[PDB]
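Let's start with one chain on its own, the form deposited in one PDB entry, as structure tokens.
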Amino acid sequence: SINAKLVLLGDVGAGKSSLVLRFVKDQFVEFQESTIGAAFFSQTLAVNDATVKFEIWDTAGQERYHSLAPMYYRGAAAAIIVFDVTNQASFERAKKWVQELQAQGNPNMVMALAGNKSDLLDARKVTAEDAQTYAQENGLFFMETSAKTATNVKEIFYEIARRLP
């Protein structure tokens, strides 16, 4: 019943492609409708309780493709802005994606900030609180994720589904 276009945004190496791979691979066990592609996936998630069918759009993170992004987030129900918690510049890039989406995205778009690679404990440069504060001020939510360990991966998609209209 409920189809939800979700766009992945973030700079090179943040974890876009890995995040959605982890999500869809772990959801295999639920035996729901799904599509596995190289750059697009669909995945129906039971969230209590109706059908949410996520239509997940991977994007090319190179800065030369930046100006194409609007074409992707057009009509999007949701966006996950991914950054690498071990990279200050990635977090800065994520801030600009947020500003841009606030200015140009559908008013109804649900936004999530994913602090990815949370599993790299020794290397973290961006703190939860500095990422949580930023999320609070701009009307989105923050969740630390790890595509590698699966930490909060299911939970970020679940949490967006809960915020959908």
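From 1 onward, residues are counted along the sequence shown. Here, rigid core means the biggest group of C-alpha atoms that superpose within 1.5 Å across both forms. Only residues modelled in both forms are compared.
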| property | result |
| --- | --- |
| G115 unmodelled in at least a third of other compared entries | no |
| Coordinates absent for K25 in a third or more of other entries | yes |
| Entry-level comparison of average CA B-factors, 35 to 43 and 127 to 135, reporting the higher stretch | 127 to 135 |
| Entry-level comparison of average CA B-factors, 75 to 83 and 91 to 99, reporting the higher stretch | 91 to 99 |
| Residue selected from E55, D58, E30, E63 by maximal Cα B factor | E30 |
| Highest recorded Cα temperature factor - choice among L121, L68, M111, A114 | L121 |
| Chain third (lowest, middle, highest) by recorded CA B-factor, residue given as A161 | middle |
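Quick note: we don't show the form deposited in another entry, though the next part is all about it.
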| query | finding |
| --- | --- |
| Displaced position between this form and the one not shown, chosen from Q104, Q136, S67, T35 (C-alpha, 2 Å or more, rigid core) | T35 |
| In the other entry, shift in Cα separation for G13 relative to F28, 3 Å or more | closer |
| Distance trend in the other entry - C-alpha atoms of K16 and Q32, change of 3 Å or more | closer |
| Moved residue ranges in sequence order between this form and the one not shown, Cα 2 Å or more, at least 3 long, core fit | 26 to 38 |
